Amino acid sequence: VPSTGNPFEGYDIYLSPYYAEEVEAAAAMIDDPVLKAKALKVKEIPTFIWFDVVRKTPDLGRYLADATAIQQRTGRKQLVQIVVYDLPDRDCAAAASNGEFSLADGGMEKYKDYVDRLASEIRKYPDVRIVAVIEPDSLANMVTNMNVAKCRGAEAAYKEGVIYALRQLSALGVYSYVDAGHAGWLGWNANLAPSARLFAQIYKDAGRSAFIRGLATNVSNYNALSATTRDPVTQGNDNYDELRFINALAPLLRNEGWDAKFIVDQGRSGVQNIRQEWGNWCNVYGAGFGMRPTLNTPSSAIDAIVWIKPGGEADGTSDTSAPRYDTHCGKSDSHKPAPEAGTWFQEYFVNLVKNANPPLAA
């Protein structure tokens, strides 16, 4: 059964051991003592843990067991942050996708099985709280990318999969935030109303559980939360940062029947004005770690600022010959050479540390 208020309030946020391992290994490669110590600070900053392949589902059991042990030893309630990211025909508007499930090869049923595997892990550990981001780069495509044949082909599956995930996770008391793009995607004035209609419909069809807490924005992106001067890349869009986007969208959601709350990724938002084109997302060069996760947010509608994408993990390879190569990863403002998506990108992590804003302390 749901509890009232902000679901993050009063919880210690479980620190990803996956990311801590990566950061420890990264700092070991850094020669300057001060920079090494700053890098090590990063493992103390909570991130979301991604379930982007079904092989990772048993790792959820391990993290929940670990959070349970910490809670038992210390008496401090733990909250585990996860990402559900494995829809069939994933990333339908992208030049390439790493998603393992295809609609043509039983992808819808395989997706339901993936959700069931996550649910079976969660069922083992009921004493810890979970916040889940549901399916980055999915339903936002239905708002703006229906010109893409793969997106029209994926619409039914995206809606079905997201609704199945929300119903399954809400049954287990997980607090979900559905991915809702970012200011440069859904924040354009023309996209606000169809976004509000679509997300309110998903909330309805998922059964209006209060565990469906709201929407997640800026996932794996680089937008400011609130910029004093707009990024030149945002020209033409009045809603040029995430707070502007959310302030424009939230009232329309409410009119459409859902008083949604929000979380906002700021993990790679420390440096603004680093893009040639707003749609450039892959390993954007010179990004810095951004605002630290906090419940001190600029609006009652925003539950938390979070780090969803774990900075340092690559967005995609720059090898043009690689099977899953995405042309976005070869843009002039992308950091190259870059390794496979999700794998450690040392040079990129070093720049995230150097460029952190606010700066990292040793």
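Positions of Cβ are backbone-derived with ideal geometry, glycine not excepted, and every protein chain shown enters the neighbour counts. Read the figures in this text as sums done on the coordinates, not as results from a lab.
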Checklist line | Number of the condition not met by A341 [criteria: (1) in a loop (DSSP other than H, G, I, E, B); (2) of a type in the set (A, V, I, L, M); (3) over 28 Å from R90 (Cα atoms); (4) in contact with a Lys or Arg (Cβ under 9 Å, 6 or more places away or on another chain)] | finding: (3)
Checklist line | In the range 302-337, the residues that are more than 22 Å from the chain's Cα centre (by Cα) and of a type in the set (A, V, I, L, M) | finding: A322
Next item on the list: Being out of contact with any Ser or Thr (no Cβ under 8 Å at 6 or more places or on another chain), of a type outside the set (D, E, K, R) and either without any contact (Cβ under 8 Å) to a residue 60 or more places away in the chain or assigned to a loop (DSSP other than H, G, I, E, B) (or both) is the filter here, so list the residues in the range 157-187 that pass it.
Entry: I163, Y164, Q168, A171, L172, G173, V174, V178, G187
Item checked: Subset of the range 170-191 (residues that are out of contact with any helix residue (DSSP H, G or I) (no Cβ under 7 Å at 6 or more places or on another chain), over 15 Å from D137 (Cβ atoms) and either buried (at least 23 other Cβ atoms within 10 Å of the Cβ) or of a type in the set (A, V, I, L, M) (or both)) -> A171, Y175, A190
Notebook entry, point to check: What residue, among those in the range 133-156 that are in a loop (DSSP other than H, G, I, E, B) and within 30 Å of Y11 (Cα to Cα), is nearest to the chain's Cα centre (by Cα)?
Noted result: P136
Checklist line | Candidate set: the range 247-291, residues that are in contact with a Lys or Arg (Cβ under 8 Å, 6 or more places away or on another chain) and of a type in the set (D, E); chosen: the one farthest from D319 (Cα to Cα) | finding: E256
Notebook entry, point to check: Here are some residues: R76, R129. Which one is surrounded by fewer than 17 Cβ atoms within 10 Å (Cβ to Cβ), in contact with a strand residue (DSSP E or B) (Cβ under 6 Å, 6 or more places away or on another chain) and among the basic types (K, R)?
Noted result: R76
Check: For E135, which of the numbered conditions (1) within 16 Å of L186 (Cβ to Cβ); (2) out of contact with any strand residue (DSSP E or B) (no Cβ under 6 Å at 6 or more places or on another chain); (3) in contact (Cβ under 8 Å) with a residue 24 or more places away in the chain fails to hold?
Finding: (2)
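Please state which one of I163, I212 is touching a helix residue (DSSP H, G or I) at 6+ places or on another chain (Cβ under 8 Å), among the aliphatic types (A, V, I, L, M) and over 21 Å from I302 (Cβ atoms). Write out each step before concluding.
Numbers: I212 fails: over 21 Å from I302 (Cβ atoms).
Going through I163, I212 in turn, the sole match is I163.
Under the condition of being in contact with a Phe, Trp or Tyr (Cβ under 7 Å, 6 or more places away or on another chain) and part of a loop (DSSP other than H, G, I, E, B), which residue from the range 276-297 is surrounded by the fewest Cβ atoms within 10 Å (Cβ to Cβ)? Walk me through how you get there before you give the answer.
Kept after step one, since they are in contact with a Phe, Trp or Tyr (Cβ under 7 Å, 6 or more places away or on another chain), are these residues of the range 276-297: 283-284, 287, 293, 295.
Of the ones still in play, those that are also part of a loop (DSSP other than H, G, I, E, B) are 283, 287, 293, 295.
Working: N283: 27, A287: 23, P293: 21, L295: 14.
Applying the filter and picking the extreme gives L295.
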Next item on the list: Identify all residues within the range 299-315 that are in contact (Cβ under 8 Å) with a residue 40 or more places away in the chain and in a loop (DSSP other than H, G, I, E, B); write none if there are none.
Entry: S299, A301, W307, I308, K309, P310, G311, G312, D315
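Looking for whichever is closer than 30 Å to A210 by Cβ and surrounded by fewer than 20 Cβ atoms within 10 Å (Cβ to Cβ) here; the options are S332, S300, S321. Which one fits?
The match here is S300.
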Margin query: Show the residue pairs meeting these rules: Cβ distance below 6 Å; 6+ apart or different chains; first residue within the range 223-250 and touching a residue at least 24 places away in the same chain (Cβ under 8 Å) and in a loop (DSSP other than H, G, I, E, B); second residue surrounded by fewer than 20 Cβ atoms within 10 Å (Cβ to Cβ) and acidic (D, E).
Written below: none
Notebook entry, point to check: Any residue in the range 267-288 that is closer than 27 Å to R129 by Cα and among the charged types (D, E, K, R)?
Noted result: yes
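So, in the range 251-270, exactly how many residues are part of a loop (DSSP other than H, G, I, E, B) and either surrounded by fewer than 20 Cβ atoms within 10 Å (Cβ to Cβ) or of a type in the set (G, A, S) (or both)? Break it down into steps so the answer makes sense when it comes.
Pass one, the range 251-270, residues part of a loop (DSSP other than H, G, I, E, B): 256-260, 266-270.
From the residues that got through so far, the ones that are either surrounded by fewer than 20 Cβ atoms within 10 Å (Cβ to Cβ) or of a type in the set (G, A, S) (or both) too are 256-257, 259-260, 267, 269-270.
Residues that pass the stated criteria total 7.
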